[PDB]
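Working notes, beginning with the structure itself.
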Amino acid sequence: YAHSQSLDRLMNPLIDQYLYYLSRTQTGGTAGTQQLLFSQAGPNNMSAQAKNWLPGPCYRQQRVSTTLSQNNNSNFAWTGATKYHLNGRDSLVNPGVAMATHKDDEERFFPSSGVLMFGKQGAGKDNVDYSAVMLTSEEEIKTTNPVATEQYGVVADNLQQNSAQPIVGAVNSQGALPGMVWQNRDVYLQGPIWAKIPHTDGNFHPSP
Amino acid sequence: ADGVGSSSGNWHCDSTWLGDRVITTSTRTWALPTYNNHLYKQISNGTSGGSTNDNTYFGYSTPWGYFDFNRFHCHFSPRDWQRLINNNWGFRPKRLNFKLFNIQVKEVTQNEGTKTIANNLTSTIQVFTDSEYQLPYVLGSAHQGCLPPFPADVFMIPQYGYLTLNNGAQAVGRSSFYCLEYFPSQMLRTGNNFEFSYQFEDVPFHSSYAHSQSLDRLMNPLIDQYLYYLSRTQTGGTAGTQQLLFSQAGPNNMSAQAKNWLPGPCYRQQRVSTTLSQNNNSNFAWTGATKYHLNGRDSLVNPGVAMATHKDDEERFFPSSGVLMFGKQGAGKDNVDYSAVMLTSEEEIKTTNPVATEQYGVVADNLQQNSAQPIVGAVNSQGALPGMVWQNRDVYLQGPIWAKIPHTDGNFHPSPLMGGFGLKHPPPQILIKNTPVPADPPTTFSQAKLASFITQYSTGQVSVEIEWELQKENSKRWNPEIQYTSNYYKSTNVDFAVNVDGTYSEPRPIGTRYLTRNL
Amino acid sequence: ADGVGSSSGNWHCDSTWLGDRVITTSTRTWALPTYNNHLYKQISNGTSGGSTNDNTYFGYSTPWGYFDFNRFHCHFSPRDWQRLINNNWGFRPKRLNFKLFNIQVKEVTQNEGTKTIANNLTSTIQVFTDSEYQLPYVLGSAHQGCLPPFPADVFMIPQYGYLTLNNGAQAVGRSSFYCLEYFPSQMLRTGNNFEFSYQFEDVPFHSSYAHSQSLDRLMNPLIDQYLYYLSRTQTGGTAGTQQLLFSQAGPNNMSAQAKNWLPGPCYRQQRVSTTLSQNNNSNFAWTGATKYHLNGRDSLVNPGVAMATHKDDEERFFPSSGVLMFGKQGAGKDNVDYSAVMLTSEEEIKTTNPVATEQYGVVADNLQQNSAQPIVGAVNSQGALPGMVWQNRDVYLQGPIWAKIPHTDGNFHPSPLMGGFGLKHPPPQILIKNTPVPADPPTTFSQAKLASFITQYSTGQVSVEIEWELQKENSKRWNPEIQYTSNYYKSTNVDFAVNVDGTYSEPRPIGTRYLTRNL
């Protein structure tokens with residue numbers, strides 16, 4: 001199934017919240033002075049409302065376009081790939097944690113190793129053109145799952161003061177936070193049915 | 001026995017304290033308008049018009065209203081809330097009972113500026129609960145329209161509406177539409193009443209207490225460790241040479257001891273001061289905000305993962321979006337001064353929880369060698385690590401009781417980030433509507449749907465009863481604990497009481513964490 | 001328990017899917033005007049006034065209204081209709097349950113442009129079903145006034161009337177008059193309710209599926225026939241001489257093979273193109289129409305016997321009157337453009353059914369001899385021949401459910417030509433009327449019937465429940481079948497949902513034929 005709602009839209013669109021947020025830190029005008037003003041977020045501003053939940057974890061990956069001219073001219077397949085490092089070996093994360101293939105109105109982009117790839121009948125082993133492969137798409141989970149190529153979000157990088165303007169850094173990889181919800185990767189007619197959970201002291205969400 | 005001249009219910013409002021449980025029942029008077037002229041309407045917001053992509057939505061507004069009691073002040077009084085928080089380590093809701101009774105439906109007539117209200121004895125209202133969770137669940141979003149905190153206030157029932165998938169202001173094929181008349185509902189006249197019962201699924205006690213220890217201090221202060229750490233990598237002197245020296249960390253050096261546990265996860269946020277001159281001069285509210293990015297939209301993390309509001313001896317600082325904010329009675333909607341808001345504080349959890357503004361810690365950024373000095377980077381956001389322990393965000397007298405855990409393949413620690421109890425099968429939504437009564441039709445047949453109705457509203461009483469289980473405080477502490485207290489000094493008004501003009505106010509947020517425990 | 005202040009029913013609207021059956025219940029709100037000022041009136045149309053002989057009629061209009069749910073969208077939602085058509089080979093109605101409840105009767109007062117509506121608690125309505133089929137049965141005529149497809153729409157009850165024999169605008173001795181107060185009926189006040197049950201007579205499943213084969217292709221493509229046909233009557237060459245040569249028809253020539261079956265009957269119709277420039281320039285609508293002639297009157301055959309709308313690769317052509325035509329929401333009555341109508345398509349049946357526009361075939365027109373070259377004429381209309389097989393016309397979400405088979409000495413394949421289930425004893429007619437309440441009489445006796453009444457109308461809720469039997473799909477087909485799908489691409493509105501202004505629309509006709517079977 002796909003969700004008919006998204007985490008950020010779970011609200012009642014007709015009613016304001018009884019809570020507040022920090023709307024404005026400065027007076028408007030030619031020379032502004034610092035202040036703290038607060039607002040209740042209603043339907044007008046949905047992005048600023050308080051919420052109970054967070055999108056699923058991410059491990060960021062590189063964006064490839066099916067239109068060739070949009071891609072960088074270089075061989076970035078392995079070098080720009082998203083990898084994990086185990087006992088001195090680097091191995092591609094293929095496909096990795098479940099993340100949406102793309103956001104709205106971009107179907108030409110897909111994460112480099114971040115999606116399953118099936119061949120058409122008679123496809124070769126090595127260096128096969130894009131026409132013989134069949135790419136899947138996880139976009140159904142973009143309701144709860146961050147997009148594979150884009151950042152998770154932004155967090156504060158410093159302490160603010162009148163001498164220091166705020167700095168906000170991007171979160172490319174995010175482990176589990178309390179309040180996250182996510183969807184597992186989809187299953188396909190030609191895809192794998194099961195896997196063996198390794199025998200280990202611990203695991204997290206042991207879905208293949 | 002259902003009739004015009006006999007009441008279908010009584011006013012039950014009070015609490016009773018039995019042993020390990022408390023039962024709080026409360027009754028209110030409500031008024032239900034006709035919404036949308038008995039129509040469903042799609043509502044949407046696009047980027048056109050100067051609005052941001054982040055605020056776009058698509059959905060529907062329904063003629064139905066809904067009952068919501070999701071705030072604690074609905075069920076508890078301020079005196080009952082004090083008995084709870086001072087005497088107990090924890091509590092959770094056991095079960096629920098709901099009633100609608102004494103229903104009046106009235107029609108409104110206007111001509112020549114004259115306005116007449118009269119009983120319509122044959123009109124009905126429709127009520128159903130969504131037991132199978134087949135509708136969008138809007139309750140856990142902390143909206144207005146809950147039962148008032150003060151029992152003598154008559155309140156208006158909020159309109160029901162929901163959102164679904166969109167691209168900009170446009171719907172997508174998956175976006176779904178719900179007719180609430182496509183559900184079986186009970187129809188009631190003035191003699192009829194409505195009731196149902198609900199039982200909460202098993203949920204962990206909310207922890208009402210603060211820790212009397214901190215993770216980093218769990219040690220015996222009198223004894224050394226039998227383990228070692230790397231104390232010194234260089235000889236002292238004018239020209240030092242590299243060496244490896246080791247020490248046992250005792251009471252003298254506590255920071256260097258070995259430990260079994262780690263502080264809870266963090267997602268860092270920006271520090272705002274209540275003293276204005278200390279804040280940067282700029283509008284950093286949205287730009288410097290901590291956000292998450294979902295399908296091309298950025299949304300503020302409000303409040304976010306539970307983290308301490310501030311460290312020791314800084315009460316002027318708070319995380320920008322990282323704490324709950326309540327308004328004082330009569331506060332406006334937009335751009336309200338700091339004086340009208342009431343900020344909460346999570347500082348009680350600074351024992352196990354990293355501070356919201358500060359970093360989690362530092363990790364090595366490189367490989368060290370005699371040609372390369374060590375570099376150590378700051379960790380602003382940290383996901384779950386084995387060995388972490390943390391506290392959930394506190395609950396407040398006026399704060400939300402529960403939320404619905406989304407239905408998903410996976411979740412992590414599904415406690416609501418605003419507060420309260422996460423529930424897979426929460427209390428159902430209770431939807432109510434005035435049944436439309438059309439005016440006289442044309443006397444010659446027309447296929448068009450009837451657009452002309454009698455203006456009506458309905459009033460009545462709603463009663464809700466929750467049974468709460470209590471976790472008694474077993475502490476062996478010698479010295480007296482901190483309690484929630486009313487100020488002894490004189491004042492013009494009593495706190496949590498009506499004023500001269502007759503309006504009820506809550507002067508401050510009251511958290512639940514007062515008694516203490518050991519880690 | 002019947003009283004003013006207690007409801008006599010509840011709102012039951014939903015569907016439940018159990019195994020081989022589905023039960024769809026639906027509830028609506030209705031309004032009933034007083035018709036004809038409580039009078040029966042004869043109505044007629046003659047040739048005088050420029051009207052055609054074909055349109056003449058004689059009949060009566062009655063003060064009574066009637067309930068009609070004969071369209072599928074009354075009972076099914078668009079989601080339920082999708083579950084039905086995608087998963088099932090067939091369905092038929094098993095049984096029926098009907099209810100009237102929560103009845104308000106209201107009086108209207110007007111003076112000085114002021115309009116007052118009030119309850120009249122002692123007024124009644126009258127309801128009876130015609131169980132013995134003793135009245136003219138008007139339901140199977142595909143009129144307006146059915147329950148709305150959308151449950152939140154309040155609808156007006158249509159006026160009842162009937163026609164009988166005429167010569168021009170004049171009655172004949174056989175033409176009959178019916179008083180509906182000459183039937184026993186139940187009288188209801190606000191506390192009273194009405195109910196009855198009905199069981200459908202046994203009827204063949206509607207076939208929801210398309211054939212994956214065609215009559216002419218039923219053969220084994222790999223094998224020759226052991227039979228022969230006349231392949232060649234003349235020697236090839238410059239001067240040929242007559243001969244008889246015979247061949248066995250194999251895969252190479254399929255058209256010439258022997259076959260056991262024939263396509264269904266046809267009554268030919270005229271071909272219209274949706275591309276305007278291809279159509280003749282003239283008004284051929286009525287003149288070039290296919291008609292039948294009954295007692296000096298010509299009437300269009302609309303739609304007629306079931307025939308394929310078009311052949312392969314021509315979707316622009318459709319038979320003139322030979323297909324059902326639905327309007328888009330808000331379409332007018334008269335001379336509406338092609339853009340507002342929605343045409344259906346029967347092309348799924350082109351496997352067994354001749355195409356509506358094209359001929360049935362060709363037959364010999366003469367006896368052949370060496371002096372007479374063979375002549376072969378076209379068969380535009382073909383009655384039943386032994387060995388024919390055919391499909392009935394498809395049923396649609398907004399199309400008619402059933403019809404009453406006329407009571408006659410004989411019929412052939414009594415399936416309704418518009419669609420649905422032919423029934424000798426269909427669901428009865430449900431007739432409803434506001435009982436007249438006269439104003440004050442003169443206080444001195446007068447024999448004249450009272451012409452002065454209190455203006456009244458009534459409202460209430462109607463609930464109907466049908467149990468449908470399902471025929472599950474047993475197909476062993478390997479490749480995936482065609483399904484009914486919502487478009488994935490973005491749009492301003494959701495299909496089958498309300499818009500910004502709040503009106504519900506059905507964007508397209510949805511037929512029932514998607515899954516496939518073998519002949």
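FYI, side chains are in, hydrogens and waters are out, and symmetry mates aren't considered; it's all heavy atoms of this structure. Every chain is numbered from 1 and lettered A, B, ... according to where its sequence line falls, protein lines coming before strand lines.
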Give a yes or no on whether the ring-centroid distance for C/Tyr504 and B/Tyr40 is below 6.0 angstrom.
-> no
Report the option among [options] that has the most heavy-atom pairs separated by less than 4.5 Å from atoms of chain B.
| options | result |
| --- | --- |
| C/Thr116, C/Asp80, C/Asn36 | C/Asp80 |
| C/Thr25, C/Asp495, C/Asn493 | C/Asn493 |
| C/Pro158, C/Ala31, C/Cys146 | C/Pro158 |
| C/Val108, C/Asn102, C/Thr34 | C/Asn102 |

Checking heavy-atom separations under 4.5 Å from chain C, one finds in residues 43-64 of chain B B/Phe58, B/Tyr60
Within residues 124-132 of chain B, the residues sitting under 4.5 Å from chain C by heavy atom, in sequence order, are B/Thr124, B/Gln126
Give, as side chain, backbone, both or neither, the part of [X] having an atom under 4.5 angstrom from any heavy atom of chain B.
| X | answer |
| --- | --- |
| C/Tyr488 | both |
| C/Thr190 | both |
| C/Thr485 | neither |
| C/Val494 | both |
| C/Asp501 | backbone |
| C/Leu121 | side chain |

Which residues from residues 454-462 of chain C are near chain B, with near meaning under 4.5 Å between non-hydrogen atoms?
-> C/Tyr457, C/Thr459, C/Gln461
Within residues 2-14 of chain C, which positions have a heavy-atom distance to chain B below 4.5 Å?
-> C/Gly3, C/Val4, C/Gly5, C/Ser6, C/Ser7, C/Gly9, C/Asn10, C/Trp11, C/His12, C/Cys13, C/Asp14
Validation row: [X], [Y] side chains within 4.5 angstrom (heavy atoms):
| X | Y | result |
| --- | --- | --- |
| B/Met187 | C/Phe101 | yes |
| C/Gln144 | B/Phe445 | yes |
| C/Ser15 | B/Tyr182 | yes |
| B/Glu107 | C/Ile117 | no |

Name the member of B/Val172, B/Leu39, B/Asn166, B/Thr443 that forms the most heavy-atom pairs with chain C at distances under 4.5 Å.
-> B/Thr443
Option in B/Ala439, B/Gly168, B/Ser176, B/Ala1 with maximal non-hydrogen atom pairs under 4.5 Å from chain C = B/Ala439
If you count the non-hydrogen atoms of other residues, nucleotides and ligands that lie under 6.0 Å from CG in B/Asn37, is the total more than 12?
-> no
Correct closest heavy-atom pair for B/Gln42 and C/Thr492 would be NE2-O, 3.4 Å
Taking all atoms of both residues into account, what is the closest heavy-atom pair of C/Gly502 and B/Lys41, and its distance?
-> CA-CG, 4.2 Å
Short side-chain donor-acceptor distance under 3.5 Å, B/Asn167 and C/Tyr489 = no
Here the gap from C/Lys490 atom NZ to B/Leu165 atom CG, rounded to the nearest 0.5 Å, amounts to 13.5 Å
Quick one: what part of [X] sits under 4.5 Å from any heavy atom of chain C, side chain, backbone, both or neither?
| X | result |
| --- | --- |
| B/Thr109 | neither |
| B/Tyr178 | neither |
| B/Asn192 | both |

